[PDB]
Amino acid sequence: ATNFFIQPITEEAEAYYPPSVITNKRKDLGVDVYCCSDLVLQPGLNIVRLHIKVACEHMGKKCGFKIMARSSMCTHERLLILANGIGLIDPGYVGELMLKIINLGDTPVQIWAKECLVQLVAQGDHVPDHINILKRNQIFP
């Protein structure tokens, strides 16, 4: 009914997205995605790449989805917000997912490749059945 397809673009992303078919059994709404690189976020705006191409599918038809902050993105010591509130991904988009993150604080803050700052939410808030992680060399299903 509702499935995601994630393809790592970079060598760094490959370390975090080994090819795999995840069945979403706890029925999580959002698909957490990694930073894939350590980065230092300056006060103000930061362009943050997510190292992945993503396709979402609902009832067998390619559909859009939304990039949303995870609850832990903003903590007391890290005042980080998604510049656009919600990242709206149109079904026709086939490029790399990109983030704009504002560090509202006065000093830089460190993020680690292992962290998931944001989550992918299918158009319509449909809970995903499967999350397909494709090979870098692979071909989008």
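In this text, residue numbers run from 1 along the sequence as written. Superpose the two forms; the largest set of C-alphas matching within 1.5 Å is the rigid core.
Averaged as a root mean square over residues and superposed structures in 5 other deposited structures of this protein, CA distances to the shown form are larger in 131 to 139; the pair compared was 131 to 139 and 2 to 10 with a core fit. Higher mean CA temperature factor, per the PDB entry, when comparing 98 to 106 with 74 to 82: 74 to 82. When 12 to 20 is weighed against 122 to 130, 12 to 20 comes out higher, by mean CA B-factor as recorded in the entry. Per the PDB record, 27 has a higher Cα B-factor than any other of 66, 49, 27, 53. Ranked against the other modelled residues of its chain, the C-alpha B-factor of residue 93 as given in the entry falls in the lowest third. Annotation for residue 43: CA B-factor lies in the middle third of the chain's modelled residues.
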